[PDB]
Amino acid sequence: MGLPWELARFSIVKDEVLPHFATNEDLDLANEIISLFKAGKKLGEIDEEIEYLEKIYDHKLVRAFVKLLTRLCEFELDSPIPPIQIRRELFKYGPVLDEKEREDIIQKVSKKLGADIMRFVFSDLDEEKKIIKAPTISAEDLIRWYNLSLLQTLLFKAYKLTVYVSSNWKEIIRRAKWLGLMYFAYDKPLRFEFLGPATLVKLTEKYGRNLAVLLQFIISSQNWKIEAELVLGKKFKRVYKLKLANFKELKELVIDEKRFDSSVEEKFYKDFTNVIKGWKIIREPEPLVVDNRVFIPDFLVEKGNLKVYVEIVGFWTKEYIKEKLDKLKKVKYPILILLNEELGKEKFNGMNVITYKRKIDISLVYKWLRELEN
């Protein structure tokens, strides 16, 4: 998620949003909190041990460090039996004031429910979860990982995220495509204008979690620049610029391996090359540039003198596909769009668009090609 918005830390000057990143000045604080996470300690013990740190230091930062450090811990497996039934049937024995009668109540309740009750009686409650493996993080890295999480937390409110290209642009779109992002490429300066989670009204949650995976690659580059437009307020909305370039104090620690999978573009390639022989299928064709808008198709297919381009689109909105196709009227070719019905709110229908559910139904692409080959 990044961080809860209650812990977001930023200031607005004029029309710009400046994030309050952690710096070396926060190393002391980071070390003293890192020392508090030791194996065999309860999270609620740590909540009480930091209390004085919330008097000395910025408590939005103190809380973020703890919520990040807990995210790197291993806790015990959940209890066999839901712990609230452990306490209803243990606390029904009133207050026990004799030590011997207590042990017997315990064993009586442990035989009825078949578990070690004391080990699990409060296991469903954050305050009582005991740490088994402590995180390995360094003070520098936590600061680094805080800052990347704060950046992500703020980009979740972005209407638009303009990414400017140094080196690996062809490597960026790949990930953006494998993540299904919504974007427009341009060329005045070569840049990608990703639409941000404020575009979506529906599945922002799932969109943002992938946009953030794209940051990881961007900021690994030698030269990068992003300008986000952020939207704040419910009924009077104003837009703010977040401008950020070549900031080296970022680091991801979310592995998030196996989230951006090219299941759909690859299967389609197999199915089309096998079932269609009349067309030649070129993959990752050179992008086209029409009056300084870049169009990066997924496939070019040709039969003799007919040439048509295929783009697959992961997320979408009514206003996005309308904009994409409007801009595609000026590309001077036939172009076939393949939309995912699950990643939309409106179940779209167009003269050049084929929806797909979990894979592309090659039946329909074959059908589509001849119904205008004539």
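Numbers follow the displayed sequence, beginning with 1.
If you average the C-alpha B-factors over 125-133 and over 269-277, the higher value belongs to 269-277. In this crystal structure, the stretch out of 289-297 and 148-156 whose C-alpha atoms carry the higher mean B factor is 289-297. The PDB entry gives the largest Cα B-factor of the residues 45, 26, 51, 346 to 346. Take 238, 243, 191, 283 and read off each C-alpha B-factor from the entry; 283 has the highest. The deposited CA B-factor of residue 338 belongs to the lowest third of values across its chain.
Split the chain's modelled residues into thirds by C-alpha temperature factor. Residue 166 is in the highest one. Sort the modelled residues of the chain by CA B factor and residue 11 lands in the lowest third. Per the deposited record, the Cα B-factor of residue 216 falls in the lowest third when ranked against the other modelled residues of its chain. Among the modelled residues of the chain, residue 202 sits in the highest third by CA temperature factor in this PDB entry.
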